[PDB]
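What is reported rests on the model, the rules as stated and the sources as named; no laboratory instrument gave them. Backbone-built Cβ (ideal geometry, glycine too); neighbour counts: all protein chains shown.
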2 protein chains.
Amino acid sequence: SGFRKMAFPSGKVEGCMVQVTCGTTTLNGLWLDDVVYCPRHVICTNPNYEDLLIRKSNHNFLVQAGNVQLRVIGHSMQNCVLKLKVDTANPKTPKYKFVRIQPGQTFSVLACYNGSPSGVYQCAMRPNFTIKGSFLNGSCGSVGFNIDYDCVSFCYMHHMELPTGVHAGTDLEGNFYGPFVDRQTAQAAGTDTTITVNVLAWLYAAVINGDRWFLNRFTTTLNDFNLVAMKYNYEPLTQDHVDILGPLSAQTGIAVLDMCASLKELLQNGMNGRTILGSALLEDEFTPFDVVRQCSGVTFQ
Amino acid sequence: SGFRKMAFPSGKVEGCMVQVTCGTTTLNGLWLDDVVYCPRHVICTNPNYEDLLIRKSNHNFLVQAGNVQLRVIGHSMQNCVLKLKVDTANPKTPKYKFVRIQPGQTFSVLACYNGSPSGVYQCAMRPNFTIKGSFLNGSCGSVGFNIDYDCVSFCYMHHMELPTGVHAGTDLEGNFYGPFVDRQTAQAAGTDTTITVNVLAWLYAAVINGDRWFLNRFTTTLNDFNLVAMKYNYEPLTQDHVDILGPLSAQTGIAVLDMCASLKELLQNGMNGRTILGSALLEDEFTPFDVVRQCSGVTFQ
Ligand SMILES: *[C@H](O)[C@H](C[C@@H]1CCNC1=O)NC(=O)[C@H](CC(=C)C)NC(=O)[C@@H](NC(=O)OCc1ccccc1)C(C)C
Ligand SMILES: *[C@H](O)[C@H](C[C@@H]1CCNC1=O)NC(=O)[C@H](CC(=C)C)NC(=O)[C@@H](NC(=O)OCc1ccccc1)C(C)C
């Protein structure tokens, strides 16, 4: 037992991380087959990236795979990412996919500087399409991902930090998550909400792990719960979310709408100096899958 | 900016993980050079491990490195770990050290099942020599570690779960952390305390990240703070801890004893519905080093 915010093993991604330097900007790139993907704002000089890229030549891009130099033999733009064709295919290329995730889903971030991995952590895509990451200057180009057996699904590439200290980025096709642009003009995150289905998943994790103090036999209808959700800035719960929680409900014997009544009481009353899985807040960055994966012990390779 | 519970990149350790099966027990081993290290309780049949090991032969130990089979050519006991000599040296062996950590220090855990990594997370060695991990049956032999540039310092191997759902294990020389034994007789964790120097480090992280609401100009003496610490089951703060916090104090301009006065008030008053770095509790599983590493961006390889 126990419950931790747990990231995927990062080895498969570490082997894809390279350094990309152009002019005076250094950031990280993702080296898959014979292409290096990186944020287009690496390109030199309110910007017009099509302008800036035609003035650029292959030899302007310094790509370093650890120590070995990578010769760039072509370049192109795809939305907000740059694709640098290099003359060597990464021999460590995993089975991979480029997937775009939904708000409320989680992924692991391999934070990198100068092409070298610094640390791994888990987070969620917020309803407002930001992520609450940990990123310093030089971290751009770090990626987020999920692993399913042996396949890496890349879902995020880091581009910027917004004024509230939250982070914004693209999928690996270069399309931003949310209404953000890779310009340094004034932009703001937009109002966020709590990911209700994840909070319920985490309450099931707590029951699986022996925290039961918040349980009751008060029940509720989906409609009556959603009136309470709206009041506390929680996202609406759908019948699909109820279905997705089915397995956890079956494992614990607590009906989904019964757990909703527990959450209603927690929202209206607080926790009264108590904790749930070591937290004094209702945690919303664990998906139902994350809970099942971590309380049945699924592995990868 | 941002602040996350962040683990070391796990690639270097993933390449050392193997599966060890003997009789009907399967668990994980650590493959370094031509030795596989694993918990001695893998051995077949209130146990006497010296008895049990002399009855054992090399061919009883089934060691699997992914798909490739590893031929065991010798075995010996070292305290509570078994050392299985195999006929092949792990070509992925990193630069490594076996270090024993102190209560209050942190490390990354690569949770494994059947020799395959499942996830990575960070935790601390508690003052009572347990760890609050996330471990299910089959996870024994998973290791904890820190990385310093290119060198892996292994500090923990997982052995058991105690009745409160916390975890106990050994260093890589096979010596238990704390007063625990690898028998399934009744054992209990012992009363824990909060790691004061880490809470102060985390408050400095909060200031570095823009949370300042808990600050004040009330100051305190080390002696007067430690009277408050004892009352709230916090560990004593030493002059050495004050020195260790020096750099963070210098970076933020908040004297260590001034931050102690802030912590005094937080302990006596609570947080009054507010949060610090996304938590409604005082967090104690970040060391001063963890804070500096994550707010200056140190990397590894
Ligand atoms: C790439 O390594 C960095 C990573 C960035 C540095 C600190 N934390 C991070 O995640 N990214 C950048 O430097 C980008 C470059 C870009 C093309 C936009 N710039 C930023 O992240 C700035 N953010 C920004 O300009 O957002 C819009 C904005 C909002 C409010 C006022 C002005 C502009 C950031 C460093 C200030
Ligand atoms: C190895 O894969 C497992 C990992 C364990 C399973 C569930 N979570 C874990 O971390 N370890 C064991 O099965 C060990 C074997 C051993 C040599 C002691 N057994 C346990 O972890 C049991 N713990 C235990 O017996 O602790 C002492 C105790 C305390 C109270 C009553 C009786 C015994 C655990 C599975 C019950």
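Which one of these does residue A:47 not meet: (1) part of a strand (DSSP E or B); (2) surrounded by fewer than 19 Cβ atoms within 10 Å (Cβ to Cβ); (3) within 16 Å of ligand 1 (Cβ to nearest atom); (4) of a type outside the set (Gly, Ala, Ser)?
Only one criterion is unmet by residue A:47, namely (1).
State whether the residues of segment B:60-76 include one that is assigned to a loop (DSSP other than H, G, I, E, B), farther than 25 Å from residue B:183 by Cα and within 16 Å of ligand 1 (Cβ to nearest atom).
Among the residues of segment B:60-76, not one is assigned to a loop (DSSP other than H, G, I, E, B), farther than 25 Å from residue B:183 by Cα and within 16 Å of ligand 1 (Cβ to nearest atom), which makes the answer no.
From the list B:104, B:29, which one is surrounded by 17 or more Cβ atoms within 10 Å (Cβ to Cβ), small (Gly, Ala, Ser), within 22 Å of residue B:159 (Cα to Cα) and outside the structural domain of residue B:125 (by CATH)?
B:29
In segment B:144-178, what residues are within 12 Å of chain A (Cβ to nearest Cβ) and assigned to a loop (DSSP other than H, G, I, E, B)?
Residues satisfying the conditions are B:149, B:150, B:162, B:163, B:164, B:165, B:166.
Would you point out the residue of segment A:8-38, among those that are small (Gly, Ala, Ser) and over 19 Å from residue A:122 (Cβ atoms), that is nearest to the other protein chains (Cβ to nearest Cβ)? So that I can check it myself, show each step before the final result.
In the first step, residues of segment A:8-38 are kept if they are small (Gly, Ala, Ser); the result is A:10-11, A:15, A:23, A:29.
Those left that are additionally over 19 Å from residue A:122 (Cβ atoms): A:15, A:23, A:29.
Working: A:15: 7, A:23: 21, A:29: 15 Å.
By that ranking, first place goes to A:15.
Residue-wise test of (1) away from every other protein chain (no Cβ under 14 Å); (2) more than 30 Å from residue A:79 (Cα to Cα); (3) part of a helix (DSSP H, G or I); (4) within 16 Å of ligand 1 (Cβ to nearest atom).
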residue	(1), (2), (3), (4)
A:180	yes, no, no, yes
A:190	yes, no, no, yes
A:201	yes, yes, yes, no
A:206	no, yes, yes, no
A:210	no, yes, no, no
A:216	yes, yes, no, no
A:219	yes, yes, no, no
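When residues of segment A:260-285 are filtered for being away from chain B (no Cβ under 12 Å), in contact with a helix residue (DSSP H, G or I) (Cβ under 7 Å, 6 or more places away or on another chain) and farther than 16 Å from residue B:273 by Cα, how many remain?
4
Check whether at least one residue in segment B:194-216 is surrounded by fewer than 18 Cβ atoms within 10 Å (Cβ to Cβ), on the phi > 0 side of the Ramachandran plot and within 16 Å of ligand 2 (Cβ to nearest atom), and report yes or no.
No, there is no match, as no residue in segment B:194-216 is surrounded by fewer than 18 Cβ atoms within 10 Å (Cβ to Cβ), on the phi > 0 side of the Ramachandran plot and within 16 Å of ligand 2 (Cβ to nearest atom).
Could you check how many residues of segment A:119-152 are away from ligand 1 (no atom under 16 Å from the Cβ) and small (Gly, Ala, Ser)?
Result for segment A:119-152: 1.
Restricting segment B:128-143 to residues that are more than 7 Å from chain A (Cβ to nearest Cβ) and in contact with a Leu (Cβ under 7 Å, 6 or more places away or on another chain), which is nearest to ligand 2 (Cβ to nearest atom)?
Filtering segment B:128-143 for residues that are more than 7 Å from chain A (Cβ to nearest Cβ) and in contact with a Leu (Cβ under 7 Å, 6 or more places away or on another chain), the one nearest to ligand 2 (Cβ to nearest atom) comes out as B:140.
Report whether or not residue B:56 is on the phi < 0 side of the Ramachandran plot, within 14 Å of chain A (Cβ to nearest Cβ) and away from ligand 1 (no atom under 16 Å from the Cβ).
Numbers: on the phi < 0 side of the Ramachandran plot: yes; within 14 Å of chain A (Cβ to nearest Cβ): no; away from ligand 1 (no atom under 16 Å from the Cβ): yes.
When the stated conditions are applied, residue B:56 does not pass them.
If residue A:185 satisfies all but one of (1) assigned to a loop (DSSP other than H, G, I, E, B); (2) within 13 Å of ligand 1 (Cβ to nearest atom); (3) touching a strand residue (DSSP E or B) at 6+ places or on another chain (Cβ under 8 Å); (4) of a type in the set (S, T, N, Q), what's the number of the condition it fails?
Here residue A:185 clears every test but (3).
Hand me the list of helices (runs of 4 or more DSSP H) wholly inside segment B:239-301 holding 1 or more residues that are aromatic (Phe, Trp, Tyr). Please lay out each step first, then the result.
Numbers: elements: B:239-244, B:246-252, B:256-269, B:288-294.
Counting at least 1 such residues, we get B:288-294.
Does residue A:155 qualify as being of a type outside the set (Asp, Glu), within 13 Å of ligand 1 (Cβ to nearest atom) and crowded, with 17+ Cβ neighbours inside 10 Å?
The answer is no for residue A:155.
Would you be able to say whether some residue in segment B:81-96 is buried (at least 21 other Cβ atoms within 10 Å of the Cβ) and within 16 Å of ligand 2 (Cβ to nearest atom)?
Yes, that holds for at least one residue.
Checking the structure you have, find out if any residue of segment B:109-128 is among the β-branched types (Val, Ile, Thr), touching a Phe, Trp or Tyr at 6+ places or on another chain (Cβ under 7 Å), within 14 Å of residue B:169 (Cα to Cα) and in a loop (DSSP other than H, G, I, E, B). Full working, then the answer.
Let us first name the residues in segment B:109-128 that are among the β-branched types (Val, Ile, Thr), namely B:109, B:120.
Checking which are touching a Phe, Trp or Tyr at 6+ places or on another chain (Cβ under 7 Å) leaves us with B:109.
Going one step further and asking which of them are within 14 Å of residue B:169 (Cα to Cα), we end up with B:109.
Filter again for in a loop (DSSP other than H, G, I, E, B), leaving none.
No, because not a single residue in segment B:109-128 is among the β-branched types (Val, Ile, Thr), touching a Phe, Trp or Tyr at 6+ places or on another chain (Cβ under 7 Å), within 14 Å of residue B:169 (Cα to Cα) and in a loop (DSSP other than H, G, I, E, B).
Within segment A:52-70, is there a residue that is outside the structural domain of residue A:177 (by CATH) and either within 21 Å of residue A:175 (Cβ to Cβ) or within 23 Å of the chain's Cα centre (by Cα) (or both)?
yes
List the number of the failed condition for residue A:5; all other conditions in (1) away from ligand 1 (no atom under 16 Å from the Cβ); (2) in a loop (DSSP other than H, G, I, E, B); (3) more than 14 Å from chain B (Cβ to nearest Cβ) hold.
Unmet for residue A:5, out of (1) away from ligand 1 (no atom under 16 Å from the Cβ); (2) in a loop (DSSP other than H, G, I, E, B); (3) more than 14 Å from chain B (Cβ to nearest Cβ): (3).
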